[PDB]
Amino acid sequence: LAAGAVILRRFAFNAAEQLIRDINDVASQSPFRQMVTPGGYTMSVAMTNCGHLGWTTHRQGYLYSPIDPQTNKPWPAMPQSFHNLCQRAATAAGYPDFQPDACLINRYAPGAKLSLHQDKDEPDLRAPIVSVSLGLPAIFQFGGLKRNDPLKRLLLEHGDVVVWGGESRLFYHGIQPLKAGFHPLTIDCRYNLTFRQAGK
Ligand SMILES: O=C(O)CCC(=O)C(=O)O
Ligand SMILES: [Fe+2]
């Protein structure tokens, strides 16, 4: 896919049903919610987190917090299925010592999208991003270090795991508006799990 990046297609197929069961479990404690950007806009993607740290938005800036700002309780613990799959994927991608302390769970309803951005809220750039696709297919945009660099368009299907780090750790990327459809395991949406090492 790029220097330090790779797409392990269908890698998470065997663990998908369990992963989805655990997404529902996590959501039972920290419900999916559409966050508001520092600018004041409600995101189309609904999110929640599990693990020690969760990605959140603030009146002015993004940041990680061990506390869910909606429930005001800690985020749920990282499910075992999540931990195991992430580790295997990281190893297969060339990052054997990856130890995530945060997992951002994204839910894409039909038409939802995630505009081009960089995952630049994490201090340690040695840690890669492990991104798991579940359910409906989506078009993933993968660019470069500069906001205006050329973009590659890749279809991400159920079970696909994208991992980027090293030279591509800060590359711009996004998800185009989710096309309508149906999937046996997620029904009407696409879920994505983004594992990161947000702390030290
Ligand atoms: O849904 C995806 O495949 C991308 C999610 C993403 O870029 C993020 O959570 O930072
Ligand atoms: Fe991202």
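All values below come from the heavy atoms of this structure, side chains included, with hydrogens, waters and symmetry mates left out. Each ligand, and each atom within it, is numbered from 1 in the order the structure gives. Residue numbers count from 1 along this sequence.
The shortest N or O to N or O distance between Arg196 and ligand 1 is below 3.5 Å. Ligand 1 has a nitrogen or oxygen under 3.5 angstrom from a nitrogen or oxygen of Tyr108.
Residue-level proximity to ligand 1 for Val162 is absent, since no heavy atom of it falls below 4.0 angstrom.
Of all protein heavy atoms, the one lying nearest to atom 6 (C) of ligand 1 is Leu114 CD2, 3.5 Å. Nearest protein heavy-atom neighbour of atom 9 (O) of ligand 1: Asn106 ND2, 2.9 Å.
At least one heavy atom of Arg190 sits under 4.0 Å from some atom of ligand 1.
Checking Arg190, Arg9, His158, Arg10 one by one against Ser133, the side-chain hydrogen bond (donor to acceptor under 3.5 Å, both in side chains) holds for a single residue, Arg190. None of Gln29, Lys73, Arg33 except one satisfies the side-chain hydrogen bond (donor to acceptor under 3.5 Å, both in side chains) rule with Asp68; the exception is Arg33.
Within the listing of ligand 1, atoms 1 (O), 2 (C), 3 (O), 4 (C) sit less than 4.0 angstrom from a heavy atom of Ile175. Short contacts between ligand 1 and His173, defined as distances under 4.0 Å to a heavy atom of the residue, involve ligand atoms 7 (O).
A donor-acceptor pair under 3.5 Å links the side-chain atoms of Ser168 to the main chain of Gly165, judged by distance alone.
For the Fe ion (ligand 2), protein N/O/S neighbours under 2.8 Å (waters excluded) are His117 NE2, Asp119 OD1, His173 NE2.
Ring geometry for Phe82 against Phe195 counts as perpendicular: the plane angle is over 60°, on a 0 to 90° scale with 30° as the lower cut.
Heavy atoms from other residues, nucleotides or ligands lying under 6.0 Å from NE2 of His83 number 12 at most.
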